[PDB]
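With the entry's author numbering applied, the sequence shown covers 1 to 56.
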Amino acid sequence: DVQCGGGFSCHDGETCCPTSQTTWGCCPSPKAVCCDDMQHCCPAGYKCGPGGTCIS
Numbered sequence: 001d002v003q004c005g006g007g008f009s010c011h012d013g014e015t016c017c018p019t020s021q022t023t024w025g026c027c028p029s030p031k032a033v034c035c036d037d038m039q040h041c042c043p044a045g046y047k048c049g050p051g052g053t054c055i056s
């Protein structure tokens, strides 16, 4: 599988996002961008906006 980084782990095709200090979240898209404002992530190529959603 994929080692999140000495701690958690996810399945093939998943992505490890460190939205915490000791916790890891499973997100889609390899080069995805994990929204750190709150608790989210978006497909590689998008950005987090103030509209709660992601833009391009």
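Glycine included, each C-beta is placed from N, C-alpha and C at the ideal position.
Cβ-based burial, residue i [other Cβ within 10 Å; buried from 16]
{"i": "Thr15", "result": "buried"}
Test item: CB-CB of residue i and residue j under 9 Å
{"i": "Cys35", "j": "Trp24", "result": "no"}
{"i": "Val33", "j": "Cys41", "result": "yes"}
Strand pairing of residue i, partner residues [DSSP]
{"i": "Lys47", "result": "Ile55"}
{"i": "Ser9", "result": "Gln3"}
{"i": "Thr15", "result": "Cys27"}
Option in the options with minimal Cα separation from residue i
{"i": "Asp37", "options": "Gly7, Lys47, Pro30, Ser9", "result": "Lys47"}
{"i": "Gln39", "options": "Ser9, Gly45, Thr53", "result": "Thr53"}
{"i": "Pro43", "options": "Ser56, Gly51, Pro50", "result": "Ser56"}
Residue i Cβ short of 8 Å to the ligand MG heavy atom set
{"i": "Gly7", "result": "In the structure shown, the ligand MG is absent, as is every other ligand, since no ligand is present at all."}
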